[PDB]
Structures are given as C-alpha cells and as structure tokens.
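Enquirer:
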Amino acid sequence: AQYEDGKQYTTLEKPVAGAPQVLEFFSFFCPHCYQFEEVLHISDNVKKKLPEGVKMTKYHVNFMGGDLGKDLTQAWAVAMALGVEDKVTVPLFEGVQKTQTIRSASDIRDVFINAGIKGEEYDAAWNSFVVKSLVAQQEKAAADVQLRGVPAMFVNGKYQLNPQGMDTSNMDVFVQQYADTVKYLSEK
C-alpha cells in the first residue's frame, strides 16, 4: 500500500475508546515540539486538511522538566480554559528554549501578563477546579496511550503518527506528507 502500518503510522494494540479525534501531545521542553510549532506549524497545516466535523485537541505532558514541567501542564490548562493558546504558545516555547527566562511558575505567569491576561484572571484560573480537571484530562489522555515521547499525534485513539518514516530533506514536503497522513488515517 502507499500508507503502511509501521511506516507513516503505527497502530496501538490497545485501542483507546472515546478518544479525541485528533489528539496531539507536546512539551515546552521538547525541542522537536519547538520545531513543530515555530518552524513547521504542524497543528495548523493538519487542521487545514482535516474534514469538517473534526475537532483537534492538544495536550501538554509532565515527563519533561520536572517541577517546571508540571507547572507548564497547569499553565497550559489555564491557557485552554481562557482560550489563549494562540497568545502564549510562542512566548512559552521561546521563554523555555530560546531566551531561558522561564525558571519558575512566576516566570510562566509573566508570559501571560505580558500577553495581556490579567493577573487577577490568571491567578483565579490557575487555582480553579475547572483547571484541575483539565490537568486530570491531560494526564489521563497521556496515560491512556502510555505516552513516553513527544511530539506525538493520535488519530481516533487508534493510530499514532510516525514522522521518522517520512522524508525530511524538505520541510514543506514533510509537513504536507504528515498532514495528508492524518487525513488518510482520519477517513479510515
């Protein structure tokens, strides 16, 4: 076939019922994730090729960066609650990997403040049970597929993207192949 199990994707031997249709995992400590976001715009280009009626979910993970890694998962929960993913994703990545000015929860907080979220609103979200449940969701979803590496994408809780098995001579071609694969798996 042109799309083969083991090549552009792998199949989970343990299916995840009720899973989000497109589920993506990342970490702000994850260098390929930085590439995926800043240089490749993977999530974007995937959505651009997905059918209608498709919803797209992105979760942060705890297993990188220890204490600050977890703070970041709670911050991403806040980001999701306030609908401000698109205002903090780039400064969080750059703050962690480029400038290295993110060293504590407070530095994470400054990113939101500078991006215009109000201190009051941020702290309220940060401490809210709506956010706690959203942290639980992020952890549960990762647990459901026994996740040990990011970046990672799952389709219908059944197929996992396999970027290693795609050509990387050309960034644009890598992206369109990646996205087309998601679309194929989507219609499976």
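In our numbering, the protein residues as written are 1329 to 1516. Note that beta-carbon positions come from the ideal geometry of N, C-alpha and C, so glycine has one too.
In whole angstroms, give me the CA-to-CA distance for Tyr1487 and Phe1440.
Expert: To locate residue 1487, count along the sequence shown from 1; it is residue 159. To locate residue 1440, count along the sequence shown from 1; it is residue 112. When rounded, the distance between both Cα atoms is 34 angstroms.
Enquirer: Since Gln1488 is in the alpha helix (DSSP H), which residue starts that stretch and which ends it?
Expert: If you number the sequence shown from 1, residue 1488 lands on position 160. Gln1488 -> not in any alpha helix (DSSP H); beta strand (DSSP E) instead, spanning 1487-1489.
Enquirer: Spatial neighbours of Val1463 within its chain, please: CB distance less than 7 angstroms, with the 5 preceding and 5 following residues excluded, ordered by chain position.
Expert: Here the question's residue 1463 lines up with position 135 in the sequence shown. Closer than 7 angstroms at the Cβ level, and outside the excluded window around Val1463, lie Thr1401, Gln1402, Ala1405.
Enquirer: Could you spell out the range, first to last residue, of the beta strand (DSSP E) harbouring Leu1351?
Expert: The residue labelled residue 1351 in the question sits at position 23 within the sequence shown. Taken as a continuous stretch (DSSP letters only), the beta strand (DSSP E) holding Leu1351 covers 1350-1354.
Enquirer: Under 9 angstroms between the Cβ atoms of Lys1377 and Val1483?
Expert: Against the sequence shown, residue 1377 aligns to sequence position 49. Against the sequence shown, residue 1483 aligns to sequence position 155. Going by C-beta atoms, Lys1377 is not nearer than 9 angstroms to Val1483.
Enquirer: Mind checking who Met1481 pairs with in its DSSP beta bridge?
Expert: For the purposes of this step, residue 1481 is taken as residue 153 along the sequence shown, with counting starting at 1. In DSSP, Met1481 forms a bridge with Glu1352.
Enquirer: My guess is that residue 1523 and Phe1353 are in contact by the Cβ rule of under 8 angstroms, so how many angstroms apart are they, rounded?
Expert: This structure cannot settle anything about residue 1523, because the visible part of the chain is limited to 1329 through 1516.
Enquirer: Contact defined as beta carbons within less than 8 angstroms: I believe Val1412 pairs with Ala1443. What is the distance between those atoms, to the nearest angstrom?
Expert: In the sequence shown, counting from the first residue as 1, residue 1412 sits at position 84. In the sequence shown, counting from the first residue as 1, residue 1443 sits at position 115. Yes, they are in contact, since the Cβ atoms of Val1412 and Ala1443 sit about 7 angstroms apart, within 8 angstroms.
Enquirer: Spell out the partners DSSP gives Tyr1387 in its beta bridges.
Expert: For this step, residue 1387 is matched to residue 59 along the sequence shown. In DSSP, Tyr1387 forms a bridge with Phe1353.
Enquirer: Going by the beta-carbon positions, is the gap between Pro1343 and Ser1514 smaller than 9 angstroms?
Expert: As a first step, residue 1343 is located in the sequence shown; it is residue number 15 there, counting from the start. As a first step, residue 1514 is located in the sequence shown; it is residue number 186 there, counting from the start. Not a contact, by the Cβ cut-off of 9 angstroms.
Enquirer: Threshold first: 3 residues or longer. Then list the beta strand (DSSP E) segments lying entirely within the segment 1412-1478, N to C.
Expert: If we require 3 residues or more, the segment 1412-1478 turns out to have no beta strand (DSSP E) run fully inside it.
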